Structures are given as C-alpha cells and as structure tokens.
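Participant: Please find one structure pasted underneath; my questions will follow.
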Amino acid sequence: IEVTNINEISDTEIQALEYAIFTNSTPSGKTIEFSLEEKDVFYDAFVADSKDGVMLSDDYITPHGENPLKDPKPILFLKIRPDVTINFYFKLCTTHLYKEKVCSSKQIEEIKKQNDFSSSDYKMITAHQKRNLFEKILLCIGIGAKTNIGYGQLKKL
RNA sequence: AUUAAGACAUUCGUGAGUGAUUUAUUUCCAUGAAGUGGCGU
C-alpha cells in the first residue's frame with residue numbers, strides 16, 4: 001500500500017504476487033505463459049565505491065562462555081567497512097493481477113479488451129514499485145550474516 | 001521323361017523428427033575485545 005497506489009490487497013493476491021515474483025508460477029504448481037521480459041531476476045550485489053578509505057576492515061566477536069570464570073575467546077573476522085556503496089542489480093517486470101490471479105501482459109490486454117472487464121479487480125505493480133518494495137525490505141532487515149546483532153544494515157545513498 | 005522344366009520373398013527405405021537438467025532454497029544461527037590493578041601502610 002505504501003509503494004503502490006493499490007488501496008486494498010487480499011491474501012490470495014499477496015500469495016499470487018509472491019509466487020509470481022519469486023517462483024514465476026501460480027500458488028500450486030501451474031505455469032503462467034510469461035514472455036522473456038516478464039521474469040524477475042536477482043543479480044549479484046557488488047561493492048560499488050569506497051569513497052575515501054578501504055572497503056574491507058577487521059572486526060572481533062569475543063564470546064564469553066557459560067562460565068564467567070574462564071577466559072574469553074577472541075574471534076577475528078573480515079567485514080565490509082561502513083560508508084561503502086553496495087550496488088544491487090535486479091531485472092524486474094510489471095505484475096498484472098486480475099481477479100486475484102497473475103496474468104501475462106498479452107493476457108491482461110485481452111482481458112482489458114473484453115466487455116465484462118472490472119477495473120476494480122485489476123491490479124498492477126510496476127518494476128519501479130517492485131524496486132521500491134525491495135529497497136524498503138532491505139532498509140528494514142538488511143542483508144548478510146549476523147543481521148540480528150546489527151551487521152549488514154543499509155542506508156539510502 | 002514322370003500334371004513336367006526354369007524362377008533368391010526380392011527392389012526402394014537414416015530410429016528419425018520437436019525437447020535448456022531445469023524449477024524452489026539467505027552460508028545462516030548463538031556468542032560482551034573483554035578481565036584484573038600492584039607497591040610505596
């Protein structure tokens with residue numbers, strides 16, 4: 001609702017959208033006749049630019065065991081430095097939902113051409129809105145390891 | 001000399017045509033770079 005103009009979305013609509021974005025199918029096992037460009041591709045995120053400084057730094061995690069009377073255990077690992085630009089690459093398309101089902105672009109054109117076309121049952125999320133949705137998710141939870149203890153959180157450049 | 005003698009079941013013919021080992025899956029979960037002061041009464 002935040003990223004797109006859709007006022008109301010149903011649980012089945014959310015399920016269909018998720019299975020179209022990630023599985024590229026229907027919630028079940030059925031295949032939708034999709035075009036070449038109607039596929040969601042998640043490329044590799046690369047380090048883009050370390051402005052003034054290196055991109056790799058060293059950090060410590062020092063577990064203290066169940067016995068506080070015993071010595072700690074310094075663990076040294078390699079991390080990506082803060083203030084480093086990460087480039088996320090996606091190949092996203094426009095998702096067409098009609099009557100809580102995912103439709104192809106030509107399918108949705110044919111549906112639009114029909115007489116009993118209910119505009120209330122038609123929903124569309126574009127590639128830009130998909131990118132905004134993914135950006136919000138990434139800014140919410142982050143990416144990588146030890147995300148619960150803070151590592152891998154991102155800010156807008 | 002006898003309903004007999006002669007007569008290749010043979011000629012031509014691609015196991016070939018269409019087909020993505022692909023789809024779904026976070027190398028992640030837990031973890032304090034911490035602990036302690038000592039002597040000169």
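All residue names refer to the structure tokens as shown: chains lettered A, B, ... in order, residues numbered from 1 in each chain, ligands numbered from 1 in order.
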Quick one: residues within 10 Å of residue 74 of chain A, only C-alpha atoms (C1' of nucleotides), excluding same-chain residues fewer than 5 positions away - as a VMD selection string?
Facilitator: (chain A and resid 60 to 64) or (chain B and resid 33 to 34)
Participant: For C-alpha atoms (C1' of nucleotides), I'd like the residues from the last selection saved as a PDB file, in the first residue's frame.
Facilitator:
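Saved the output as part.pdb:
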ATOM      1  CA  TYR A  60      36.142  -9.001  16.638  1.00  0.00           C
ATOM      2  CA  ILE A  61      33.460 -11.175  18.165  1.00  0.00           C
ATOM      3  CA  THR A  62      34.580 -12.309  21.625  1.00  0.00           C
ATOM      4  CA  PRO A  63      32.225 -14.946  23.069  1.00  0.00           C
ATOM      5  CA  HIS A  64      32.251 -15.319  26.838  1.00  0.00           C
TER       6      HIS A  64
ATOM      7  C1'   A B  33      37.630  -7.248  22.648  1.00  0.00           C
ATOM      8  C1'   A B  34      36.898  -8.403  27.192  1.00  0.00           C
TER       9        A B  34
END
Participant: Could you write out as a count of residues only the residues of chain B within 10 Å of chain A, counting only C-alpha atoms (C1' of nucleotides)?
Facilitator: 12
Participant: Could you work out how far atom CA of residue 127 of chain A lies from atom CA of residue 105 of chain A, giving the answer in Å with one decimal?
Facilitator: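 That distance, rounded to one decimal, is 13.4 Å.
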Participant: List the neighbours of residue 43 of chain A out to 8 Å using only C-alpha atoms (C1' of nucleotides); skip same-chain residues closer than 4 positions along the sequence, and give me the result as a list in words.
Facilitator: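 Final neighbour list, sorted by chain and number: residues 88, 89, 90 and 91 of chain A.
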Participant: Now that the selection is made, can you save its residues with C-alpha atoms as a compact mmCIF listing (two decimals), in the first residue's frame?
Facilitator:
# COMPACT_ATOMS: atom_id res chain seq x y z
CA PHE A 88 22.03 -4.09 -6.12
CA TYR A 89 21.09 -5.20 -9.64
CA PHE A 90 17.62 -6.51 -10.50
CA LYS A 91 15.71 -7.41 -13.64
Participant: So that I can check the secondary structure, give me every residue of segment 84-113 of chain A assigned alpha helix (DSSP H) by backbone DSSP, as a short mmCIF file (atom, residue, chain, number, x, y, z; two decimals) with N, CA and C atoms, in the first residue's frame.
Facilitator:
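Just written: out.cif:
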data_model
loop_
_atom_site.label_atom_id
_atom_site.label_comp_id
_atom_site.auth_asym_id
_atom_site.auth_seq_id
_atom_site.Cartn_x
_atom_site.Cartn_y
_atom_site.Cartn_z
N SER A 105 1.11 -10.25 -19.84
CA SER A 105 0.86 -8.94 -20.43
C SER A 105 -0.16 -9.03 -21.56
N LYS A 106 0.03 -9.99 -22.47
CA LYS A 106 -0.96 -10.18 -23.53
C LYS A 106 -2.27 -10.71 -22.98
N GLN A 107 -2.20 -11.55 -21.95
CA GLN A 107 -3.42 -12.00 -21.27
C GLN A 107 -4.18 -10.82 -20.69
N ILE A 108 -3.48 -9.89 -20.05
CA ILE A 108 -4.16 -8.75 -19.45
C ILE A 108 -4.68 -7.80 -20.53
N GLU A 109 -3.99 -7.71 -21.67
CA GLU A 109 -4.52 -6.92 -22.78
C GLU A 109 -5.83 -7.51 -23.29
N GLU A 110 -5.86 -8.83 -23.47
CA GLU A 110 -7.09 -9.49 -23.91
C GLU A 110 -8.20 -9.32 -22.89
N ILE A 111 -7.86 -9.40 -21.60
CA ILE A 111 -8.85 -9.21 -20.54
C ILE A 111 -9.40 -7.80 -20.57
N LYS A 112 -8.53 -6.81 -20.79
CA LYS A 112 -8.97 -5.42 -20.88
C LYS A 112 -9.90 -5.22 -22.07
N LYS A 113 -9.62 -5.89 -23.19
CA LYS A 113 -10.45 -5.73 -24.37
C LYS A 113 -11.85 -6.31 -24.20
#
